[PDB]
Amino acid sequence: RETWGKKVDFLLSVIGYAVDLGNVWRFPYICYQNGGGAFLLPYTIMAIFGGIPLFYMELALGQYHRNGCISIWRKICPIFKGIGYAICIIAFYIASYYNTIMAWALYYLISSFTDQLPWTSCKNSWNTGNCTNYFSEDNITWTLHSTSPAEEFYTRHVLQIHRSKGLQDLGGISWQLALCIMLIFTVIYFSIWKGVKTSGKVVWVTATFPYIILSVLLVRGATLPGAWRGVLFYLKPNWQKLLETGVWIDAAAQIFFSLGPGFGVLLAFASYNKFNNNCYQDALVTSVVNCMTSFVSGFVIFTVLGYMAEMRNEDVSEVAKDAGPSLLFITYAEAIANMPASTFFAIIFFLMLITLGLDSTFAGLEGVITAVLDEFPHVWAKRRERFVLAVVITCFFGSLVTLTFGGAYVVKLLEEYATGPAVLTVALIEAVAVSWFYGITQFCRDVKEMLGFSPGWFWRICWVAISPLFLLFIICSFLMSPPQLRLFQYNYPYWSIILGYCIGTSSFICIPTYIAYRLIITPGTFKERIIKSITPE
Amino acid sequence: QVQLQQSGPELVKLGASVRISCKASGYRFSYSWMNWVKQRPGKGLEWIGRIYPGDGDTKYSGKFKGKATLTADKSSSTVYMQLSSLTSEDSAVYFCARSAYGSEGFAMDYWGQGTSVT
Amino acid sequence: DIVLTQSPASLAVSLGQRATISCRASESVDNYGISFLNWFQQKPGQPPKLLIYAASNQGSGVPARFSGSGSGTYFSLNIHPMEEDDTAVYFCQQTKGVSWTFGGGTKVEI
Ligand SMILES: *[C@@H]1O[C@H](CO)[C@@H](O[C@@H]2O[C@H](CO)[C@@H](O)[C@H](O)[C@H]2NC(C)=O)[C@H](O)[C@H]1NC(C)=O
Ligand SMILES: CC(C)CCC[C@@H](C)[C@H]1CC[C@H]2[C@@H]3CC=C4C[C@@H](O)CC[C@]4(C)[C@H]3CC[C@]12C
Ligand SMILES: CCCCCCCCCCCC
Ligand SMILES: CCCCCCCCCCCC
Ligand SMILES: CCCCCCCCCCCC
Ligand SMILES: CCCCCCCCCC
Ligand SMILES: CCCCCCC
Ligand SMILES: CCCCCCC
Ligand SMILES: CCCCCCC
Ligand SMILES: CCCCCCC
Ligand SMILES: CCCCCCC
Ligand SMILES: CCCCC
């Protein structure tokens, strides 16, 4: 089949997918929401135990099989073939949720071109009454309804939630966001139409730019006065509330979404070349660099937050407690507005966001567009371009549901419902099929001689008990404790909670309905049926 | 409240320059715009320009940017309008309005007494 | 610069009947769901007085007899039958950026 070619290009694409605008969006936000310092100490061990097996085993299976992500299960467990459609639906939901954020970032990049950025002062298009956050000398009198210029810019300019009274009420049209989505999808299509050649050609040029932007932002934030309270709040042990009512399950979900295992993209990337004697090293290097990037992102987030809190002369907690997605887009907005080096830092930060989001959504769409073609050979023969066009069509059609609605409500719903229980139980089914059903002995007997080292005594005991135990504990705790939704002082109703639970439990029903279809098409009785249907070809 | 007090009447000569003051008080004048209108005797209203005290943002229009200039004073809470090349055509009475907030549509709720500059 | 036009120019209606004031333009001033339009009450000698908030809401201190609605290009000012003192000229103001222009003016008399 197709070969990756440059090993450096392959590894760079893997680490560029590992680094995610979604991770940069979720990790520091939920960290500051749950307490800040009490998020990184019980983080690295869970990150290891949750991602290192799910990354290494998946990469090994991909490099051993090299037949895509949907048709790969035919040689392991054909009963669990519905996991391919599950991964497809989950990636579609992720792209539908991700394109709106990409459009927001690109619109911010476009609007950050004027010399007078609309973040230093509220203009003639926002509520100047609510707009009062201006750092003067004894001129601010905070009240129960005090807002910020960046908050108003995020609320009544790009999202326009003031016209939407909730999920039960529709919203107005957004032609600017529609054109932004059109441009982003055109770029994605022009980058994904050719194939793996352009895949490797576009990633290597947008890979070091986010890193250099992160480094220059860190070295800039390390100079502004007031970067001490932020790091002190970011480095507090706080051993009080991590035993039972802790945020461990949200940290696990976040690191899972950041490393992105079981999303089919890693399996599809490993399904190209054999990649001998480098699977373990690739997995470890990718996970380490992703964890380091997430740590640097959280560090700069908390540095900027502490600088803002010290300039405001108030605690770090009160700054954007209810703003879920708006936290970043108001904090960095006010940071650029306060720093005397504006009109360039905002531009480079938005360009870093655009590059990261492009790389992430490109890998996410590729992990499906190169996996469905293996299941559909008649399509893969000639109609690859038409199938790419059709999947782009349906992707932006699904994104239009959130676009026309004009609100981040569906965005938050997909943020804490799509990439949560659905992909969690998908990874659980994958791990169960790899460990219990498929023999770990014969699964490792080949990678042993392929990598020259013995993977025993760590994965032989991690893949069987601790990883599935944690991955099931997280999901049962999630199903037991309803994650109440809050956004912009708007409590989501019980009907919204029920709809979220329904979409979460239906985003993976394809696997059991395919199991039932296979059981009803296969004749006979239960025992012989299962013993001749669970046959790794 | 309604405290947009202005000065008395001025004298107009061919090629002169006058200054019209506008004392603002009773609200956050550092975050609200200040508008200036022009009304001729027996004619309708004409817009001159707007000024945002606190940031110096000015947006002149109405073919008046060549002879009018707005200046804000946060220390004295006054709004000044610099005039130049006065003529009997534009010699009329000028007011001093105050724009509302964003959700209110920037409506001139509070007005001044009026400077009968003739 | 966006120009506003008013029609009719004079309304010689008596006491006891309602009237309508029109303020048309190429815009389409609707932005963020807020119709940028303001109606003023200018009496001879007296400064103008604000009547309508964003062409949909009533102002402060104005009696409930003043009202009006509209969307996009077409804007109307449905006024209750006026009294012997409510006779005055009315202007419509467009507050959409970046330039602000006033209307012509109607001669509401009895
Ligand atoms: C600041 O914003 C709040 C909204 O959170 C404004 O409060 C509202 O006032 C309007 C009009 O009186 C009501 O329709 C809303 O229901 C109110 N909302 C809440 C949550 O109370 C407040 O008026 C704004 N303040 C300023 C000075 O503009
Ligand atoms: C001063 C610091 C912040 C700048 C360095 C940023 C680091 C974390 C990033 C930026 C560029 C990245 C490298 C880009 C290219 C390659 C070559 C590939 O075959 C192995 C990974 C490797 C080596 C990456 C490792 C991580 C890397 C070095
Ligand atoms: C965030 C830091 C991750 C460090 C991962 C170390 C993994 C060590 C595995 C050792 C196996 C014998
Ligand atoms: C005034 C119009 C400016 C338009 C700028 C478009 C920039 C597009 C960047 C796309 C990056 C992927
Ligand atoms: C009034 C501001 C309009 C901003 C429009 C941004 C998008 C322009 C088209 C970009 C196409 C790629
Ligand atoms: C090549 C044209 C493909 C068109 C696909 C249309 C999909 C519509 C999904 C609602
Ligand atoms: C009224 C529609 C509610 C669900 C929106 C997301 C599909
Ligand atoms: C004004 C509505 C625009 C919809 C665009 C759909 C592609
Ligand atoms: C044709 C591909 C353009 C990619 C631009 C990334 C910023
Ligand atoms: C073109 C209008 C689309 C409405 C979608 C509502 C979810
Ligand atoms: C009212 C929108 C559909 C809700 C379905 C809940 C199961
Ligand atoms: C920004 C558009 C690029 C098309 C190739």
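Chain order of the listed sequences is A, B and C.
The deposited numbering numbers the first residue of the first sequence as 79 and each following residue consecutively.
The deposited numbering numbers the first residue of the second sequence as 20 and each following residue consecutively.
The deposited numbering numbers the first residue of the third sequence as 21 and each following residue consecutively.
Positions of the beta carbon are idealized from the N, C-alpha and C atoms, including for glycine.
In terms of Cβ geometry, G124(B) and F56(C) form a close pair [threshold 7 angstroms].
Note: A39(C) is bridge-paired with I99(C) in the DSSP secondary-structure output.
If you draw a straight line from the Cα of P288(A) to the Cα of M430(A), it is about 5 angstroms long.
DSSP, reduced to helix, strand and coil, places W458(A) within a helical segment of the structure shown. Using a Cβ-Cβ cut-off of 7 angstroms, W103(A) does not count as an interface residue toward chain B, since no Cβ of chain B sits closer than that to its own. Short note on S269(A): C-beta closer than 6 angstroms to some heavy atom of ligand 9. With a cut-off of 6 angstroms, the C-beta of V488(A) is classified as near ligand 7, since at least one heavy atom of the ligand falls inside that distance. Spanning the alpha carbons of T583(A) and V488(A) requires a straight line of approximately 17 angstroms. Proximity of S119(C) to chain B, defined by a Cβ-Cβ separation below 7 angstroms, is satisfied.
Those residues that have a beta carbon less than 7 angstroms away from any non-hydrogen atom of ligand 3 are, in order along the chain, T122(A), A125(A), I126(A), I130(A), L362(A), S365(A), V366(A), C369(A), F536(A).
Between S226(A) and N205(A), the C-beta gap is not smaller than 7 angstroms, which leaves the two residues out of contact. Look at the segment 44 to 68 of chain C: the residues with a C-beta under 8 angstroms from a C-beta of chain B are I54, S55, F56, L57, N58, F60, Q62, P67, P68. When secondary structure is reduced to three states using DSSP, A111(B) falls in the coil class, being assigned neither helix nor strand. When distances are taken from the beta-carbon of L89(A) to the heavy atoms of ligand 2, the shortest one is below 6 angstroms. For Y350(A), the CB stays at least 6 angstroms from every heavy atom of ligand 2.
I576(A) has its Cβ nearer than 6 angstroms to a heavy atom of ligand 11. Contact between the segment 573 to 590 of chain A and the segment 496 to 514 of chain A is present: 3 or more CB-CB pairs across the two stretches fall below 8 angstroms. Assignment of beta-bridge partners to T88(B) by DSSP yields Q101(B). For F170(A), the closest of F474(A), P561(A), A509(A) by C-alpha to C-alpha distance is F474(A). Residues of the segment 85 to 118 of chain B that bring their beta carbon within less than 9 angstroms of a beta carbon in chain C comprise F114, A116, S118, in sequence order. For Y120(B), the chain A residues whose Cβ falls inside 7 angstroms of its Cβ are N205, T206, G207, in order along the chain. The three-state secondary structure of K490(A), taken from DSSP, is helix.
With a cutoff of 6 angstroms, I471(A) counts as near ligand 6, since its C-beta is closer than that to a heavy atom of the ligand. Only residues of its own chain outside the window of five on either side were considered, and among them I161, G340 have a CB closer than 7 angstroms to the CB of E508(A), listed in chain order. According to DSSP, residue pairing for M53(B) in a beta bridge involves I70(B), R117(B). By the neighbour-count criterion, in which 16 or more other beta carbons inside 10 Å mark a residue as buried, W535(A) falls on the exposed side. Residue burial annotation: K63(C) is exposed, with fewer than 16 other C-beta atoms found within 10 angstroms of its C-beta.
Residue burial annotation: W514(A) is exposed, with fewer than 16 other C-beta atoms found within 10 angstroms of its C-beta. For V265(A), the shortest separation between its Cβ and any heavy atom of ligand 12 lies below 6 angstroms. Against chain C, the beta carbon of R69(B) has neighbours under 9 angstroms at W120, listed in chain order. Between the segment 347 to 357 of chain A and the segment 136 to 144 of chain A, the count of C-beta pairs closer than 8 angstroms reaches three or more; the two stretches touch. Take the alpha-carbon of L89(B) and the one of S46(C): they are about 30 angstroms apart.
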